[PDB]
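>>> here is my input, please return the structure:
(chains A and B)
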Amino acid sequence: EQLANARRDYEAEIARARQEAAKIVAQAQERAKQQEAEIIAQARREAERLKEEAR
Amino acid sequence: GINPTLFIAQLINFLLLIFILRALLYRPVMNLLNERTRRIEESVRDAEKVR
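Numbers count the residues shown, from 1 in each chain, chains lettered A, B, ... in the order given. Next up is the structure itself:
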């Protein structure tokens, strides 16, 4: 059983590597969107405060 | 003192039984071969599966 299913285990390992190859990109893209939104919002609030202070 | 025919009768029957057992020994030989082949296959399969 183990020797016969070792081929299936190797195929499943390759499939898991392939699945992780895209999940790594997707999670990083989600974090990118979150961080960019946070930075943009903070700097826009800073810009509004700077406009008032400059007035 | 000793029966000449008794010795021949014992010898022929013993030779026939030994000849049958030699053929029958291939059956015990195959049983022992299966018993040893279980461990023979395991000795390679365990390491191969671990690697």
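>>> so for chain A, which residue is the most central one in space?
The centroid of chain A falls nearest to residue A:28 when counting by CA atoms, centre = their mean (1.8 Å).
>>> which residue does chain B have closest to chain A?
residue B:49 (4.5 Å; CB to the nearest CB). C-betas here are computed from N, CA, C, even on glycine.
>>> and the gap between that residue and residue B:39?
15 Å (CB to CB, to the nearest Å).
>>> more neighbours: which of those two?
Per other CB atoms under 10 Å in any protein chain shown, whichever of residue B:49 and residue B:39 has more neighbours is residue B:49, with 13 against 8.
>>> any idea which element the more buried one lies in?
helix B:4-50 (DSSP states H and E).
>>> what is that helix packed up against?
Applying 3 or more CB pairs under 8 Å, 6 or more residues apart in numbering or on different chains; DSSP states H and E, one finds that helix B:4-50 contacts helix A:2-54.
>>> so how far is the helix it packs on off the chain centroid?
With CA atoms, centre = their mean, to the nearest Å as the basis, helix A:2-54 stands 0 Å off its chain's centre.
>>> counting contacts, what elements does that helix pack onto?
Against helix A:2-54 (3+ CB pairs under 8 Å, 6+ apart) you get helix B:4-50.
>>> distance from the helix it packs on to the middle of the chain?
Per CA atoms, centre = their mean, the centroid offset for helix B:4-50 relative to its chain is 2 Å.
>>> what do you get for stretch A:40-55?
Counting by CA atoms, centre = their mean, stretch A:40-55 comes out at 29 Å from the chain centroid.
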